[PDB]
Each structure stands twice: as structure tokens, then as C-alpha cells.
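Shown here is one chain on its own, the form deposited in one PDB entry, set out as C-alpha cells.
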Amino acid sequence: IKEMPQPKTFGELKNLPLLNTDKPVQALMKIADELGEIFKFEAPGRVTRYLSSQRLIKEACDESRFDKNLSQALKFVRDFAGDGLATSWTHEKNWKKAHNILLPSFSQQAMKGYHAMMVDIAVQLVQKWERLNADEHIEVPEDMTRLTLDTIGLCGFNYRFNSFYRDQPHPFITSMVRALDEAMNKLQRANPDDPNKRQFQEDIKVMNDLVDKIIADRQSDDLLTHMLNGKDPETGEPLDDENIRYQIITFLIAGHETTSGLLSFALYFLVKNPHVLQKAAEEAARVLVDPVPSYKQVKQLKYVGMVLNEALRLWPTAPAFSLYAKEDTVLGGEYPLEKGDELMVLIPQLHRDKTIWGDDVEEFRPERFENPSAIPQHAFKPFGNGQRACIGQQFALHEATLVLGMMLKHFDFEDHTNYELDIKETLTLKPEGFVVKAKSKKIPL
């Protein structure tokens, strides 16, 4: 066997105070840098093991040996997302049922149907930036969140959040950050039930109000249509009212936060790497020859897609997923695991494995993705694994390629503050305070 490294401990609290930080993922990456491809992490009543090497993670992604686990973060999310797709166990009846019902909503016939509504929101973004005065700047993650929230609202539910008509974020968004802030605070409390609880219940209510409005309002053929009318071929059943509500909550959050982070990181890397920005902008100008992009044109933005994958390599905006051992098994030939033992896949560290990518892992080089065939299996996992992989991957990448393509077509960008990367962590990653200036190329829509 092989004894597993473990970071510094705090008495009876074990490793738990290491998570008492604003940037826990980045703290865990630093621990992985020090301890290597695997380390144990203990809290009162919990043990897990953080994996960082492709060698171990490829075994963890073997679905015959490991299944998706609900991390403590996902168990928190489950308090309001229920048995929606992202917070259900694979063995719960409603996972496979909703999976079968909703997977056609992300087929290529479906993406072609969403395209016009994605363009609707993208044009609003371009128009906002065209209308800024001289020396005004862009708050990048803020505007990317406006775009991605509006896109999932419109494409999925025919609901307009109208985020570009607001200077502050919507009630939904603000409350959910406070609930998450509270959730993380309660983790470090020895006696949580000591006479805070009320606000979380209030936050669960704001989201239910938007969900009822979306349902009552609903001829359309979008995500909500399939939720309300689709039947699972296996059970022959449609989703029930309770699970539909959970899916709406699930897709409103999962359908925009990570995609906003991706667009924000991609633009960050472009302005920090002018050779790459020039190459991406040349593609956008050459391919996007019409006032609004067509579906087929977006599919031709190969280098823009490479930029997005390389941004996901360095800063995968959903930074981890969790697994449990289905039976007793031995990991890597050296770490015996018992049935039910948990693993965490630390995606940013996997993506920095020098034995896979070479020694220059910290450099932003979209050309790594010029030939998809050259990447080993399970080396690149920003969308999770297997049957529990991200159902919205094609949606996110089509939206982000379209929008980044239009951004590069219509503006020159300046890193006017020489922005120093500052990664704020919710359950996802984004570059806090990232601002740029955009000079219009004066190309009409």
C-alpha cells in the first residue's frame, strides 16, 4: 500500500479550518502543489481524497468503479434544487427520467432552434458597448452574467430577465450569493443550532416566486416545453410538477453562472495575450460576414473554440466534482478504497498536470487544442464525466463562441488598467473586478 499525504490540522477540527477562506479552490490547488497527486482531507464526520493527476483521475472516471457523489456543496444546493438533474443521485428515479426527457433539448436540432434567441441577447450586449461614451469602461463579469442569464431565460423558458435594462443584479442573483455565504459560514460552526436561518428560507422563496411566474405564463418548443410535455421512453411518464420546479431552478443557475465565468476568463486571456487576440479577431472578421451570425457560421469559429477550451483548461469555472466507490477497489495500484469512500476531482490541478501538457502549463496557448485527437482521455474534464457530465456543454459552448465571436468582430479591446487577476469564488470561479475598454470597429448590425 502507499500512505496518503494530508495537509496541516487544527486539533479536533482536523482540516476543516483550511476551507475558512474566500478562495478555497485556490487554497486546495496550493495544497495539491505541495502534496502531489492525492491527499486526504478530513473534517468532523467526513473524509475525502483530492485527486490532481490524470493517472488517478482516469481511474476515478471509470463508471463501473465510481459513481457521482453529492459533495457538501451540492447537498447545500439540493436544499433548493431538490432532485433536479445536477443534485440528484444517479440511482434516484427522477435522475434518469429527467435525463431521458431533457437530453433531446440539447440536440443539434435544438441548438439550431435556440440560435436566434442567443443572437437576440448577444446583439443587446454589442449594442450596450457600442453606446458607451469615450473613456467609459466595461465591467466584464457583470456584463457576461447579464448575457448568460438572459440567454438561459429566453432560450429555455421564453422569459426575459431584461438584464441590460438594469444597473444592479436581479433579486434572484443577490439572494443566492447571501445563501451561499451563509451556507459556507455554517460549515465552520461547531453548534449551528445554537439560537440567519430565516434569510435562507426567504432566499428559497424569492426563487420560487420567479418559478411560478415562468410556469403560469407558459406556441413554443423550448426547454420548458419539453419539461411540461415530454415523456420518458423508459417509464412512459412525464415529469411531475414538483420535479419540474426543481429543474427550472437547476437550469436557471447551472445554465448561466459557469458560462459567464468562461466568457470572462476568455476575454481576460485574450487581452493578456495580444498574439492570440489578433488570431481570434482575424477569424471572427473572416467568418462572421453577415450582420448577425448564422448557426453554421458559429460552427466555423474553430480558433475561438480553441480559445474557449484553453480558458477552461486554466480556469475551469466548475472547479470540482465528487465521486464515491461503488465497491471495494484499489486506486492507482497503491490506494485501497472501501465501498462508499469519496473522491474529489480538482479540475484546475488536473489541467496543470505537466506529464500530460508539458512544462509550460501556466501559459495560455489555444494551439494546444488545434487537433482534438492529441489530448488523452480524461486529461481535460471541465464538463465532468460520463453519464453525469454536463448536459448543457453544447449550449454553453455555442453561446460562448457566438458571443465571443461577435465581441471580437465589433470591438478592439484594451487592458487599460493592467488588470491583476483576482479570482472570486462562489461555487464557481470568475475574475473579480476585470474591466476593459472597447473601441468600436464601426461595423453595423
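A residue's number is simply how far along the shown sequence it sits, counting from 1.
What about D143, left without coordinates in a third or more of the other entries of this protein that model its neighbours? That residue is present in all of the other compared entries.
Determine, among the other compared PDB entries that model residues flanking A190, whether at least a third leave it unmodelled. Per the records, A190 goes unmodelled in at least a third of the other entries.
Which fits the stretch between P195 and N196: none, 1 to 3, 4 to 9, or 10 or more deposited residues lacking coordinates? Gap size class: 4 to 9 residues without coordinates, per the record.
Zero if continuous, otherwise a range: how many residues of the deposited sequence are missing coordinates between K186 and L187 (none, 1 to 3, 4 to 9, 10 or more)? Gap between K186 and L187: none.
Could you settle it for me: does 305 to 313 or 233 to 241 have the higher average Cα B factor in the PDB entry? Between 305 to 313 and 233 to 241, it is 233 to 241.
Per the entry, higher mean C-alpha B factor between 389 to 397 and 58 to 66: Taking the mean B-factor of the alpha carbons in each, 58 to 66 is higher.
Name the one of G332, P274, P348, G261 with the greatest CA B-factor according to the PDB entry. The record points to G332.
Peak C-alpha temperature factor (PDB record), options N162, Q300, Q168, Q72: Largest recorded C-alpha B-factor: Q168.
Using the B-factor values recorded in the entry, state whether the Cα atom of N94 falls in the lowest, middle or highest third among the modelled residues of its chain. Tercile = middle for this residue's CA B-factor.
Can you work out whether the C-alpha temperature factor of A27 puts it in the lowest, middle or highest third of the chain? Middle third - that is where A27 ends up once the chain's C-alpha B-factors are sorted.
Test of reading the entry: by CA B factor among the chain's modelled residues, which third contains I38? It falls in the middle third of the chain.
Taking the values exactly as deposited, rank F265 by C-alpha B-factor within its chain and report the matching third: lowest, middle or highest. As the PDB entry reports it, the C-alpha B-factor of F265 lands in the lowest third of its chain.
Lowest, middle or highest third - CA B-factor, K279: It belongs to the lowest third of the chain when residues are ordered by C-alpha B-factor.
What comes next is about the form deposited in another entry, which is not displayed.
Taking the better superposition fit per C-alpha between the shown form and the other one, does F269 end up alongside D135 in one rigid part? Two-body split between the shown form and the other one; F269 with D135, same side.
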